[PDB]
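*Asks:*
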Amino acid sequence: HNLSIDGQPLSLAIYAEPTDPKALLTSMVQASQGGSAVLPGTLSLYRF
Amino acid sequence: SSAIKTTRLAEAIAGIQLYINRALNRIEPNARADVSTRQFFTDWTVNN
């Protein structure tokens, strides 16, 4: 198994270090918005 | 193991050395005792 006489391994291992942290972002989300509608108006008694 | 390496000539040398040791030490039967008395096998203490 390729070990020394006292059992120490004779090969140096590698691990392929994990790939960095992860950045997380937020964004504004906008939705369609309408406006009000108008109705016919009443005729007042006073002048303009 | 798959970790240990060698060469073709080195492995052939090791195989023939093992075979000679087994034949000389009477471990494998029917070994030709007349052949086992040559100068090479008589000096096998340094030719091994």
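If you read the sequences in order, they're chains E and A.
Each residue of the first sequence is one higher than the one before, counting from 2003 in the entry's author numbering.
Each residue of the second sequence is one higher than the one before, counting from 978 in the entry's author numbering.
In this text, a Cβ means the ideal position worked out from N, Cα and C, and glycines have one as well.
With distances taken Cα to Cα, identify the nearest neighbour of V1012 of chain A among A:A1000, A:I1004, A:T984 and A:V1023.
*Replies:* Looking up residue 1012 of chain A in the second sequence gives position 35. Closest option to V1012 of chain A, Cα to Cα, is A:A1000.
*Asks:* Distance cutoff 9 Å, beta carbons only. Does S2006 of chain E sit that close to anything in chain A?
*Replies:* As a first step, residue 2006 of chain E must be located in the first sequence, where it is residue number 4. Judged by the 9 Å Cβ criterion, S2006 of chain E is not in contact with chain A.
*Asks:* Please state whether the Cβ-Cβ distance between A1008 of chain A and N2004 of chain E is less than 9 Å.
*Replies:* Locating residue 1008 of chain A in the second sequence gives position 31, counting from the first residue. Locating residue 2004 of chain E in the first sequence gives position 2, counting from the first residue. No, these two residues do not count as a Cβ contact at 9 Å.
*Asks:* For a quick check, are the C-beta atoms of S2006 of chain E and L2014 of chain E less than 9 Å apart?
*Replies:* In the first sequence, residue 2006 of chain E corresponds to position 4, counting from 1. In the first sequence, residue 2014 of chain E corresponds to position 12, counting from 1. The answer is no: Cβ separation not under 9 Å.
*Asks:* Spell out whether any CB of chain E is found under 9 Å from the CB atom of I981 of chain A.
*Replies:* The residue given as residue 981 of chain A occupies position 4 in the second sequence. For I981 of chain A, the answer is yes, since a Cβ of chain E falls inside 9 Å of its Cβ.
*Asks:* Quick one: which chain E residues come within Cβ less than 9 Å of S978 of chain A?
*Replies:* Walking along the second sequence from the start, residue 978 of chain A turns up at place 1. Chain E residues near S978 of chain A: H2003 and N2004.
*Asks:* Does the beta carbon of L2014 of chain E sit closer than 9 Å to a beta carbon anywhere in chain A?
*Replies:* The count along the first sequence starts at 1 and reaches residue 2014 of chain E at position 12. So no, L2014 of chain E is outside the interface.
*Asks:* Report yes if the C-beta distance between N998 of chain A and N1024 of chain A is below 9 Å; otherwise report no.
*Replies:* For the purposes of this step, residue 998 of chain A is identified with residue 21 of the second sequence, where counting begins at 1. For the purposes of this step, residue 1024 of chain A is identified with residue 47 of the second sequence, where counting begins at 1. No, these two residues do not count as a Cβ contact at 9 Å.
*Asks:* Under the DSSP definition of a beta bridge, which residues are partnered with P2011 of chain E?
*Replies:* Translated into positions along the first sequence, residue 2011 of chain E becomes position 9. Its beta-bridge partners are E:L2005.
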